Amino acid sequence: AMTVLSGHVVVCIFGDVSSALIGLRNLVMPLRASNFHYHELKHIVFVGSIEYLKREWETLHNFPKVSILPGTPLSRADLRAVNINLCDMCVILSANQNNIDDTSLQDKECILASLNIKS
Amino acid sequence: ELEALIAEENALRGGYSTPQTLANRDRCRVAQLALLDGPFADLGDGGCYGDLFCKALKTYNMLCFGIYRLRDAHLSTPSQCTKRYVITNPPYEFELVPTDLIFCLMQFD
């Protein structure tokens, strides 16, 4: 909250230890492309479970302007902390999408996070 | 307001009281009182359950609910069964043993 983030990027992740590794390096690479300047380079914060964040942090360490908020993307308090209002783009990703075998769970989280942010 | 604070915080918090905050003691509290002993024990052997709750009204506006009487309290053969069973909305002409617990609501503290 004290970290003022305006026009930035928040990423929501529904990951766990049982979930497969998505791979976010390909996501965060063209954000740090040299066709802009370092002042223009946006800040990224990842919201989700610190277990999945620990599973992916061994890949996710060589990159600037990157934060991590452990918690839950459904948490309205966490969204207010990361200032989703001022955030340029929220990205809702799901990691359990190819282990669950039911539309009831298929994208269920993504739909909930979208509806909470809209509400 | 509490539900909105729940949806925003997911943890109840504490705040500094005010007179409007202290006005949130005004929930007319549930209670279970005894009929054998107390200021209402002056009748315990009647049958005017209507007069019983009207005395409860004119005493403390104590809204009765129903009689939590023992199972064998309606019997003449004395057993040692302390299992009580509830009775909802007793009529005006319902009897009354002194060994009784009552479902009553006194005014908010």
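With ideal geometry, Cβ positions are generated from the backbone for all residues, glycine too; neighbour counts draw on all protein chains shown. None of the figures in this text is laboratory data; all of them are computed from the coordinates on show.
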**OP:** Scan segment A:80-99 and report the pairs whose first residue is among the charged types (D, E, K, R) and whose second residue is outside any loop (DSSP other than H, G, I, E, B), with Cβ atoms within less than 7 Å and a gap of 6+ or a chain change.
**Re:** A:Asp88/A:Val9
Subject >> Unmet criterion (only one of (1) in contact (Cβ under 8 Å) with a residue 60 or more places away in the chain; (2) part of a strand (DSSP E or B)) for A:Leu69 >> reply: (1)
Original post:
Is it true that some residue in segment B:55-75 is within 14 Å of another protein chain (Cβ to nearest Cβ), among the aliphatic types (A, V, I, L, M) and in a helix (DSSP H, G or I)?
Top reply: no
Original post:
Out of all the residues in segment A:87-98, is one or more within 14 Å of chain B (Cβ to nearest Cβ), of a type in the set (D, E, K, R) and closer than 25 Å to A:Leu5 by Cα?
Top reply: no
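Suppose we keep only residues that are assigned to a helix (DSSP H, G or I) and surrounded by 10 or more Cβ atoms within 10 Å (Cβ to Cβ) within segment B:1-29. Which one would you say is farthest from the other protein chains (Cβ to nearest Cβ)?
Taking segment B:1-29 and keeping what is assigned to a helix (DSSP H, G or I), we get B:2-9, B:19-22.
When the remaining residues are screened for being surrounded by 10 or more Cβ atoms within 10 Å (Cβ to Cβ), the result is B:5-9, B:21.
Details: B:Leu5: 11, B:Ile6: 10, B:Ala7: 6, B:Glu8: 6, B:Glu9: 6, B:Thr21: 23 Å.
The selected residue is B:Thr21.
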Original post:
Which of the residues that make up segment A:97-114 are in a loop (DSSP other than H, G, I, E, B) and within 17 Å of the chain's Cα centre (by Cα)?
Top reply: A:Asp107
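Based on this model, can you work out whether A:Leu74 counts as within 14 Å of another protein chain (Cβ to nearest Cβ), part of a helix (DSSP H, G or I) and at negative phi?
Details: within 14 Å of another protein chain (Cβ to nearest Cβ): yes; part of a helix (DSSP H, G or I): no; at negative phi: yes.
Criteria not met by A:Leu74.
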Subject >> Which listed residue, of A:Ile84, A:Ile117, is assigned to a helix (DSSP H, G or I), in contact with a helix residue (DSSP H, G or I) (Cβ under 8 Å, 6 or more places away or on another chain) and at negative phi >> reply: A:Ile117
